[PDB]
Amino acid sequence: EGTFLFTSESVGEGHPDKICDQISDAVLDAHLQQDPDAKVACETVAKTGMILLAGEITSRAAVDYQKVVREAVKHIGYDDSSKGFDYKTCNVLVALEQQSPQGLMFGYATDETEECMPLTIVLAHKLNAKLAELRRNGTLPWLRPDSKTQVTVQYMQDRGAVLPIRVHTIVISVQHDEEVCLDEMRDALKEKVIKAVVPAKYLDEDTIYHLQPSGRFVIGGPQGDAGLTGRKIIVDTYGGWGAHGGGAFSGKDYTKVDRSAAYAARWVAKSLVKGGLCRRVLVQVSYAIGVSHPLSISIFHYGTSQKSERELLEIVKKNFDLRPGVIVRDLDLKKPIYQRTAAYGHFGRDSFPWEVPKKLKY
Amino acid sequence: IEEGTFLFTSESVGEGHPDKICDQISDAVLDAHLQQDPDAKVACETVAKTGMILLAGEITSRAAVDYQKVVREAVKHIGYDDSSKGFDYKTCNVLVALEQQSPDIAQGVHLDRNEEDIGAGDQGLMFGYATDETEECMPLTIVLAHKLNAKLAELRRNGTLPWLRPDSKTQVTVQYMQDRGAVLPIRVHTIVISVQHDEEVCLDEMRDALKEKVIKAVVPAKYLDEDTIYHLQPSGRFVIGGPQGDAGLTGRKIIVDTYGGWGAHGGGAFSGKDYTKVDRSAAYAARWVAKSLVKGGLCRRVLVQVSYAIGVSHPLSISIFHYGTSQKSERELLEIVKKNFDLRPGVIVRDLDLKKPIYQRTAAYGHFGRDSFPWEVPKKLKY
Amino acid sequence: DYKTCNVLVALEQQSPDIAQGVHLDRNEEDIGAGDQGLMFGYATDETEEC
Amino acid sequence: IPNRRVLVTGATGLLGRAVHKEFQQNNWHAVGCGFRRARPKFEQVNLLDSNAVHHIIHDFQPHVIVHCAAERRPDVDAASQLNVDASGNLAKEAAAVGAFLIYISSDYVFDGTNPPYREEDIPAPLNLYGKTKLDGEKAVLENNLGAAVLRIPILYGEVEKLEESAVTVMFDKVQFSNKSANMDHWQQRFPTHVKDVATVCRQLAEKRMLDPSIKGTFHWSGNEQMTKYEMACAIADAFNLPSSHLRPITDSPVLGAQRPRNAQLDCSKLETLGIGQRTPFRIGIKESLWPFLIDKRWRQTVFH
Ligand SMILES: C[S@@+](CC[C@H](N)C(=O)[O-])C[C@H]1O[C@@H](n2cnc3c(N)ncnc32)[C@H](O)[C@@H]1O
Ligand SMILES: C[S@@+](CC[C@H](N)C(=O)[O-])C[C@H]1O[C@@H](n2cnc3c(N)ncnc32)[C@H](O)[C@@H]1O
Ligand SMILES: [Mg+2]
Ligand SMILES: [Mg+2]
């Protein structure tokens, strides 16, 4: 009928891979606080009782890695062996080689949500946030940090844009304790989590629910599955929408164009949609060796713009300066707020500079 | 003048790039297990670093596997065998942090089930993609990027360019034109090649060699012209490469492994994973479907999405986008796919023969666009 | 905690150079010392266990 | 590996593509060329540069040349222009190598007063387009007596853009039912598939390898007679759409004096030799235009 399904996932703070992303960016943050010009390329690996730091750092800062990693794991919620991991007793190994002193990026934006993101991933992200919140409250005290979610939305194509109709399927898997029973978890996940996150007009009697579909989820965190930095890049970005060139974000400082120009491309894309010029847009920025400005910019507006691609490009050229140096200045990327980006997606939340739409002048 | 033109770029990396070292080691470990135990449950993550290979993850298997030997033999084959190259298989540190698969995952996925009923090893989404712009049904950008690295490795291993080392990076920028939903590659705009090298060989002997022996042997002359930009060894002194002064991980080149930016990706990595992990088997399945549709003449370009819930056998969703390159509707193409394919992992494993220990082959030069793989052989469709 | 601690394994084969110098191709009774070294033994009548 | 060589000029255009395709597949070693947008499938050749034309023909040694003009008819104002001439050079150098040149020409060389028109009939163009097509025939025939001339009417095919054919330009006006659209119901025309014309070009060339007597003018055309208005209604019928928003203008257009009313070509000479293919228009235009359906075009993006 012109109808199609699309699926996206997200994960919780206690997910092994997301643990590593947060620690990687926690290391970055800590370095940037003492030394705004610190070069960081910090990978984290997680497994039963182990956090391993590995990478290159050119920094003047003196960082207590012990404290950084342990406080991160604490915040995440892993504070006892009964939960599979404990910040107080885990092994922290440091293998960073410290010293003393191109690309294709994509930005994407869709008018299907206030946050200008695909509904599928927004919901996926928010379901994990809810679990974390209800775990920390004490409202559902059997919850544990590690969790995954997946949302399938039924869309209708509408002249370039995509129109959410309903939620087709929802998956929630969340690590839990040994007392709570399967029916109580499933009732709770449905009534306290989903129904508080998803607008009622998207839910109906045909919506399929796979809640705790594995049946048991006691063993979790790095014990149940090894974690690595940079292994959730689709979760970090557009959940299968838009496009992606290859680069992971976390553990990398702002001088890596993989991170900061991806942020800028997002900024442009969101500005075009919030500025009413597109209902939906994908922005391609080609950078090339030996040029500051992008070598080429393409703008796929899916036919949702009254203005042509050349017109939109011209609008982009006089409102934006996409030279790395200017990007870090304009978006304030030397500041130590990278850890908050390392869970729940880098795009979607207003608190980030690249999610503040620029008022366009043309 | 512009029309509906655009630039697109894809990279590939050679076997010695630290990330791809991890991918190949993880797949060697998987193959080692499948040689003795075809039903092995493998989730091997590898970490590569100055002087170190660490194995972390989980494996339940009946195989007796000597991890020190498999890891060191892999690094040997990759070509790191001396301090001069920054890494030596004979003397590198090899740590192992491998445990059994979580019993909670076992009971919830595969225990006491008929093969066709085993659940997805995880939740996830996977994409499959095909395009008629090359014989291999792949984007020209990524195909050229892969084949350049493969050429470098070839010319290194048959001694014809003995100054080459294992680490390399290529980027191929092609100029494209849109054609009713398909894409016509017009010309190769730019080619970058960085490759690790001897102390002796001079800069412009390498640059001459990269153009005349590598690019000329790989890229059809029809795509090369006087304007094509060549960035051969752009920085200059790239003698330091591989793990030394660097840190790589399994599953940090997933875009290189697949479509090089084209189509889409759901973010699941391939290497170190047996068939029960649908990140691999369903992605392979979805490539097979996308290639079958294009080779079967039903469209010129296509993207397929599938999704799964852990412990559930049937896909949660399936979707087809033909970019308006088919006379038939996307819904009609979906109906055709539903009739011709069974996308449960318990069935995909039979159709694609995924217990065979042939995975190390896939860990470099991309998992798609090659002759020998079952998922690259299109299915004759009935509709 | 035994259940949740990190365990890392870095075990390789005995050096082939050691093996050939010590025990390969010999009757067990003619096995060489695994290494050089000195060792003491001691006893005292002050307790029953010496 | 095939030894039978052919050179198609204007290979970038709707007609050329179809011709180069029809040959290449059927055991010919087909090379195409074009002035702009030729690369990567075809050779970049400016027909007005004699040095370029010389080198590619010298190096290729074609056993046959099929001379097509790119074309993108707005024409169908019907005035100017052409500086060719270059069909002269092409005829010159085709003879120098001993290649059989097929010159594509038009029914616009005629008056369009006494249909049908035979190959023997006296031409009388009412416009500058008809004039230069007639000049080309002259310029070719007198520079090469071993050459042929295939006259054809209005063209359509599997276009890359709607504007590549004066039949296919109408398709948006057909589709948009919410706006009324005027279309010519005065000029009589015979829409003809370039795929049909291509088959004819292969059959005719394959005869000249046997029999050296094949030369002079020839006529091919589709058998279905249609106005611009009747074509539009036929397109709607093929895709099952309403056509009541289409209004015919039986009055001749602003420059009706420059447009031959009915320049129907008599194809009897060519029908005799067993040369001829006729894809029905309702089946031909369906295969031609489906990629340009509104709903398809919405979907035709680079990314999903
Ligand atoms: C299932 S695991 C990946 C496969 C695993 N490496 C294995 O050995 O089969 C991936 C993620 O699923 C989640 N997970 C772990 N145990 C689970 C269970 N028993 N049920 C559902 N989800 C689980 C965790 O978030 C974990 O990081
Ligand atoms: C023989 S090793 C102990 C290794 C252990 N006993 C074994 O065989 O696995 C102790 C020391 O002897 C020396 N050593 C090592 N290899 C040797 C060899 N092939 N012959 C003689 N001495 C050796 C080194 O100084 C080393 O620290
Ligand atoms: Mg993972
Ligand atoms: Mg995984």
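Residues numbered from 1 in each chain as written, not as in the entry; some residues may be left out. Chains lettered and ligands numbered in written order. Part of a larger assembly, values for the part shown. Heavy atoms only, no water.

What the entry reports as its method is X-ray crystallography, with 2.3400 Å given for the resolution.

1. Details of the pattern of salt bridges
Summed over all chains, the structure comprises 77 salt bridges over all chains. The salt bridge involving C:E12 is made with B:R72; its shortest N-O contact spans 3.4 Å. Of this pair, C:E12 sits in the segment before α1 (16-22) while B:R72 is found in helix α2 (residues 67-78), placing the two residues in two different chains. The exposure class of C:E12 is exposed, given its relative accessible area of 52%. Residue classification places B:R72 among the buried positions, given a relative accessible area of 11%. For C:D1, the salt bridge is made with C:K3, and the minimal N-O distance between the two is 3.0 Å. (Salt bridge = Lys/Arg side-chain N within 4 Å of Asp/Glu carboxyl O. Helix = DSSP H or I, 4+ residues; strand = E, 2+ residues; numbered from the N terminus. Buried < 20%, exposed > 50% of the residue type's maximum accessible area, 1.4 Å probe, protein only.)

2. As for the packing of aromatic side chains
For any pair of aromatic rings, the description rests on two quantities: the centre-to-centre distance and the angle between the ring planes. Under the criterion given, the structure shown has 39 aromatic pairs over all chains. Through pairs of rings, three or more aromatic residues link up here, namely B:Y129, B:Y259, B:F270, B:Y284, B:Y323, B:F368, B:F373 and B:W375. Across from the ring centre of A:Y209, 5.0 Å away, lies the NZ or CZ of A:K190, which sits over that ring. Lying over the aromatic face of B:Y89, B:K90 brings its terminal NZ or CZ to 5.9 Å of the ring centre. (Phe/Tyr/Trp six-rings, centres within 6.5 Å; stacked < 30°, edge-to-face > 60°. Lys NZ or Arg CZ within 6 Å of the ring centre and 35° of its normal.)

3. Some details on the sheet that holds strand β13 (residues 317-321) of chain B
Residues and elements named next belong to chain B. Strand order in this open sheet of three strands is β7-β12-β13, and the pairing throughout is antiparallel. Only two strands of the sheet have a single neighbouring strand rather than two, namely β7 (124-131) and β13. Neighbouring strand axes in the sheet, compared pairwise and without regard to direction, differ in orientation by 15° on average. Here strand β12 (residues 301-308) runs beside β13; their pairing, made up of five bridges, is antiparallel. Looking at the pairing, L303 lines up with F321 of β13. Its contacts with the sheet place helix α6 (residues 278-295) against β7 and β12, and it is angled at close to 30° to β7. (Pairing = 2+ DSSP bridges. Axes fitted to C-alpha atoms, helices over the stretch in contact; angles between N-to-C directions. Contact = heavy atoms within 4.5 Å.)

4. Focus on the UniProt feature "binding site: L-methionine" in chain A
Feature annotation in UniProt places "binding site: L-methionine" on A:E56, A:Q99, A:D225 and A:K256, given in this structure's numbering. From this annotated list, the subset lining the largest cavity comprises A:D225. Residue position: A:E56 is located in strand β3 (residues 50-58). Excluding residues that lie within four positions of it along the chain, A:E56 makes contacts with A:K39, A:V40, A:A41, A:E97, A:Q99, B:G245, B:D246 and B:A247. Along the chain, A:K256 turns up in the loop between β12 (227-228) and α6 (257-274). Filtering out sequence-adjacent residues up to four positions away, A:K256 remains in contact with A:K39 and A:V40. (UniProt positions renumbered as here; feature names shortened; annotations may be inferred. 1 Å grid on protein atoms, 1.4 Å probe; cavity = no way out; pocket = protein on both sides within 12 Å on 5 of 7 lines; lining within 4 Å.)

5. Some thoughts on the interface of chain C and chain A
The interface is formed by six residues belonging to chain C together with eight residues belonging to chain A. A combined buried area of about 500 Å² lies between chain C and chain A, and 54% of that area is made up of carbon and sulfur atoms. Remark: the boundary between chain C and chain A carries zero salt bridges. Our enumeration of links across chain C and chain A arrives at three residue pairs in polar contact. Looking at the side of chain C that touches chain A, its residues break down into two nonpolar, two polar and two charged. (Buried area = accessible area lost by both parts, 1.4 Å probe. Polar contact = N/O pair within 3.5 Å; in protein donor to acceptor, adjacent residues only side chain to side chain. Nonpolar A, V, L, I, M, F, W, Y, C, P; charged D, E, K, R; others polar.)

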